[PDB]
Amino acid sequence: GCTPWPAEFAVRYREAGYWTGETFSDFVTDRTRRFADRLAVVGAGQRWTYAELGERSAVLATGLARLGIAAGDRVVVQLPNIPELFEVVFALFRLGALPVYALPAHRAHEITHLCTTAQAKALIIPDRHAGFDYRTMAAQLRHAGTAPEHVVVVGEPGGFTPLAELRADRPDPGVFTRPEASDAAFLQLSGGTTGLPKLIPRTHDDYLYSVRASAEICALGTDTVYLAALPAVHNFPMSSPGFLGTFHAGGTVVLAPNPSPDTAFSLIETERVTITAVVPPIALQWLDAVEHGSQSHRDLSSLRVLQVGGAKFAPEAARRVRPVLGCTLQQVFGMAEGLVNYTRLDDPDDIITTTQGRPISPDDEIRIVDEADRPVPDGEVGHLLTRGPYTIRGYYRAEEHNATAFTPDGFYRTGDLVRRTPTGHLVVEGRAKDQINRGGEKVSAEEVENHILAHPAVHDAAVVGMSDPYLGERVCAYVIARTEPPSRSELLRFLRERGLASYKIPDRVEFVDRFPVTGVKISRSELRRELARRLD
Ligand SMILES: Nc1ncnc2c1ncn2[C@@H]1O[C@H](COP(=O)(O)O)[C@@H](O)[C@H]1O
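Numbering (the entry's author numbering), first residue to last: 4 to 523, 525 to 540.
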């Protein structure tokens, strides 16, 4: 159900040296041997060398094989920032199995979609995290007939398979499999726009290219200490350059259990972090904690680069990074579908603070077009289209959607409005896709509406983004009741019971007799645009 690059593009990318032929199977073996004695992972009271990570993943892989996981099987991995994540991911790569990455904030609705769409053989979860019981969630899927036949729990297993069961056998490399580098190595979730998010297949060759190139752009080496402040399996903290870039270069990955200034600054001080990645709301929290007193004492001198991305970072805030934190800002504008843009570490400050970077690859093609696919004069704002050696050509098993998201000649419609500077940098100026960006977490208005409409007291609903100085947008729901409106508390509870991801629950509920817009003779997309203007 994947879409391949055209043969003439694949040839171009291999001859250019982007696509090298290495697989993640090769990657695990080579990097853990090349850097064996160095420190690879710090988290949860654990300190693992590359050698130990190699040994642990080889044991795990043997136990997953004994469980029934074979080459090509999809396995949904929904783990917090704990060291078990990396040994689980490396193990799956050793078997030639495909991780299917879910984030900790995802819930029954999203996990059901991933398991059924990917036909997953297993689900790997923690017992509890941030007050949520993932064992109960897995049990709900089992009750509905939608759960993978294997459920593995990190922690107290309940009635499922404890992770420790997978460690019972000595390593057996006879069960490992090396896939083809052109094959999909894993699946990840898109941001989502009109409903259920599409699955994104990424290949060994194209993803490892973005990892290698990102490690070079970001000056990574064995002296790198990368703090995973964001959920590590998101594309940004996984590959831009993320923990894979760090592993590629032989550095240390430090896991932050949460991104609070107290927790993160304590790790930066203790472990001497040199680079980390955050979304704008976290960057603002860190800046405020240091500048306005709460954390001014912390020793952040080891921090060289603060990456900020996933959502728009205002120039005003960006200008605070070096004066307040003492480090170089790097803006990162990327997407799970491919294209990643970076400001360069030796760009002038005016470029670093006012742009969202330029693409990784010389073969990243950038088209900025008007509403009729005509290129806009250089400097003007238009729709961003892109094509390149690590941008996909189609979503996983999304035949009808792919016909709309990609041009006939293979350009991906990002849904972003951008303008290009003379030096190739891009400035993100708006959005055309129907998607609310809540401080880096993407919310589909139509998806939230559909669940709201399922409540028996609701007659109609419209979900829009309301401008917010810290998150960019919050999620506001306009609701028209049939007669008496439900309890705002009640409606939000009904949405949690539905299984919506935590960040998709609206911040604001406004019950109205009618939508406060003229000509309610307009499409639902235009309706949301007019409602959002009242809130901006
Ligand atoms: N630096 C940035 N500035 C503005 N928007 C961004 C930035 N980075 C990512 N995005 C948005 O996040 C989307 C990708 O979502 P994700 O797949 O979560 O990375 C992009 O298409 C943009 O809408």
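All C-beta atoms, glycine included, are put in the ideal place defined by N, C-alpha and C.
For residue i, which residues does DSSP report across the bridge?
i	result
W51	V44
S490	Beta-bridge pairing links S490 to no other residue.
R97	The partner list for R97 (beta bridge, DSSP) is empty, contrary to what the question assumes.
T164	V155
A187	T206
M469	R477
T279	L230, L309
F268	Answer by DSSP bridge pairing: none, since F268 is not bridged.
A484	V461
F135	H132
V257	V45, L230
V178	In DSSP, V178 forms no bridge with anything.
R434	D419
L192	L202
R511	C479
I439	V446
Going along the chain, which residues of its own chain have a beta-carbon closer than 7 angstroms to the beta-carbon of residue i, five neighbours each way excluded?
i	result
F27	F96, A188, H207
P284	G442, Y473, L474
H462	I483, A484, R485
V372	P378, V379, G385, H386, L388
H454	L498, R501, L503
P244	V214, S217, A218, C221, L223
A142	none
Which whole-angstrom value is the C-beta distance of residue i and residue j, which I expect to be below 8 angstroms?
i	j	result
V157	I85	7 angstroms
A465	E450	Rounded, the Cβ-Cβ distance is 13 angstroms, inconsistent with contact.
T197	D353	Actually they do not touch by this definition, with Cβ atoms about 38 angstroms apart.
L67	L166	Between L166 and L67 the Cβ distance is about 10 angstroms, and since that is not below 8 angstroms, they are no contact.
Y393	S185	The pair is not a contact, with the Cβ atoms about 13 angstroms apart (cut-off 8 angstroms).
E159	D130	5 angstroms
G329	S304	7 angstroms
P260	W289	Wrong, their Cβ atoms sit about 16 angstroms apart, outside the cutoff.
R59	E90	4 angstroms
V335	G312	3 angstroms
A54	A39	4 angstroms
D172	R69	6 angstroms
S527	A108	In fact, because the Cβ distance is near 30 angstroms, the residues do not count as touching under 8 angstroms.
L126	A150	7 angstroms
Excluding the five sequence neighbours on either side, which residues of its own chain have a C-beta within less than 6 angstroms of the C-beta of residue i, listed in chain order?
i	result
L192	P200
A339	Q191, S193, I203, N238
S299	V293
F163	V154, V156
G337	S243, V343
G397	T6, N405
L106	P234
Going by alpha carbons, who is nearest to residue i out of the options?
i	options	result
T120	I395, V103, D130, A108	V103
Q310	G57, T279, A460, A43	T279
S242	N261, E487, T225, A216	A216
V431	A480, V178, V421, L247	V421
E487	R501, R477, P459, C479	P459
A375	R416, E368, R361, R390	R416
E319	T358, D40, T346, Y506	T358
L101	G46, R361, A123	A123
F514	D350, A61, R491	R491
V178	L98, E152, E493	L98
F409	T346, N440, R275, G341	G341
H251	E219, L494, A232	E219
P174	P489, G4, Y506, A61	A61
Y210	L233, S364, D516	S364
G254	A235, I127, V228	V228
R36	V45, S269, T52	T52
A73	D302, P182, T424	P182
residue 524	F414, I508, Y399, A13	Structure remark: the chain lacks residues between 523 and 525, so residue 524 is without coordinates.
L82	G161, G134, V236	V236
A13	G360, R390, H146	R390
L270	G382, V31, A231, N440	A231
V80	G57, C118, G46, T65	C118
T249	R34, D29, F518	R34
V282	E444, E25, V523	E444
Using a Cβ-Cβ cutoff of less than 8 angstroms, which residues in the same chain neighbour residue i once the five nearest sequence positions on both sides are dropped?
i	result
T331	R307, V308, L309, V324, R325, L348, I355
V520	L531, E534, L535, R538
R511	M469, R477, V478, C479, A480
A321	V311, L332, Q334, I355, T356, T357
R50	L42, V44
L456	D463, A464
Could you tell me if the beta carbon of residue i falls within a distance shorter than 7 angstroms of some heavy atom in ligand 3?
i	result
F336	With respect to ligand 3, the structure shown offers nothing to examine, as its ligands consist of ligand 1.
- Please go through the segment 304 to 379 and give each complete alpha helix (DSSP H) segment of 4 or more residues, from N-terminal end onward. 318 to 321, 324 to 328, 352 to 357
- beta strand (DSSP E) segments (min. 3 residues) lying fully within the segment 377 to 429: 385 to 390, 415 to 423
- Message: Please give me, in chain order, every unbroken run of the beta strand (DSSP E) with length at least 3 that falls completely inside the segment 61 to 113.
- Response: 77 to 80, 101 to 104
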